[PDB]
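We begin with a single chain expressed as structure tokens, specifically the form deposited in one PDB entry.
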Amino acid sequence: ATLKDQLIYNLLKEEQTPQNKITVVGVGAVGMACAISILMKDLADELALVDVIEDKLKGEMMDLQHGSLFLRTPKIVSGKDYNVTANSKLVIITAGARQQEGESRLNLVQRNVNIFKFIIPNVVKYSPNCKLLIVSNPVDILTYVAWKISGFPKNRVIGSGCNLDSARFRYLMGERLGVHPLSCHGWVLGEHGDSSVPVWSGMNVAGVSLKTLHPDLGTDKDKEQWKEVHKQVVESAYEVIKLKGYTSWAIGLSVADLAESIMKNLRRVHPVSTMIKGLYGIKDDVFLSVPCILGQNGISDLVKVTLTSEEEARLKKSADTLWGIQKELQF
């Protein structure tokens, strides 16, 4: 007989479903940073990669496979066909179009909508019960798009949203105070990037309100210019894009953090993009980052943060802008 059969007596032919499967759709720098972070945190018994670029897809799958000795994730698979994604608990969408010279920003969005038109129904056919974690920008709009196309309930369609913006805020806060970001608390809500809202009232170390110690916190009067911390949350992202061409490491770690809460049913609170119609006087179908409880059914609950009238007004304006763009999209 074969060497395998001389060495190994088989007890069962059984094939068996994967119990903790994650799919990443889009194997650019962002998708692969999600993949390595997820592999290094042991969140999956099976990792499936999907892309349209066959060579990049196969090469990334093989490079990870060659590291199997150093991992505890026993099955890594890839393909263009969504049958490789079957029975995923969680499917992370990092797929996007590359901006072309001589193209409007609405056209870039529409091109990402058309990608979602192909991706989302295929994901749903093979993993009807999965949670969808949307990373692709524009992330708040494309989370809406994935919800509409999927027909999933809102608990199972999640945008990565302000989880990274909040992590940057805490890094910068930590540098100012000489304290680890874990111990520096502070929330950025609403839109990912330029229009994000820093909730100054929630900024604390050891439950000590910085706003209470320093009432000028987050105003133009402020002698220490704490507003510059939130400006750097937006600008440092543009800075990394200008300096290396894209961001990967921080978003990959952020997504692995959301994946951890979902796969282990932790019910930790993260600022992610959820369907917010009914709150802060928003009457339209838009996704914005508020603090949500993440577990095995996706978003089970969200935290109603006490905002100032000004903070409430910024979210209403964001909802108006997002509904305006959403009405102009073709499904």
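Quick note: we count residues from 1 along the sequence shown, nothing fancier. Between two forms, the rigid core is the largest collection of C-alphas that superpose within 1.5 Å. Only residues modelled in both forms are compared.
What comes next is about the form deposited in another entry, which is not displayed.
- Superposing the two forms on their core leaves just one of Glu103, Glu228, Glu175, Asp222 with a Cα displacement of at least 2 Å between this form and the one not shown, namely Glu103.
- If you fit the rigid core between this form and the one not shown, you'll see the Cα of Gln16 move by 2 angstroms or more.
- Core superposition between this form and the one not shown reveals the following runs of 3 or more residues with every CA shifted by 2 angstroms or more: 14 to 16, 98 to 105.
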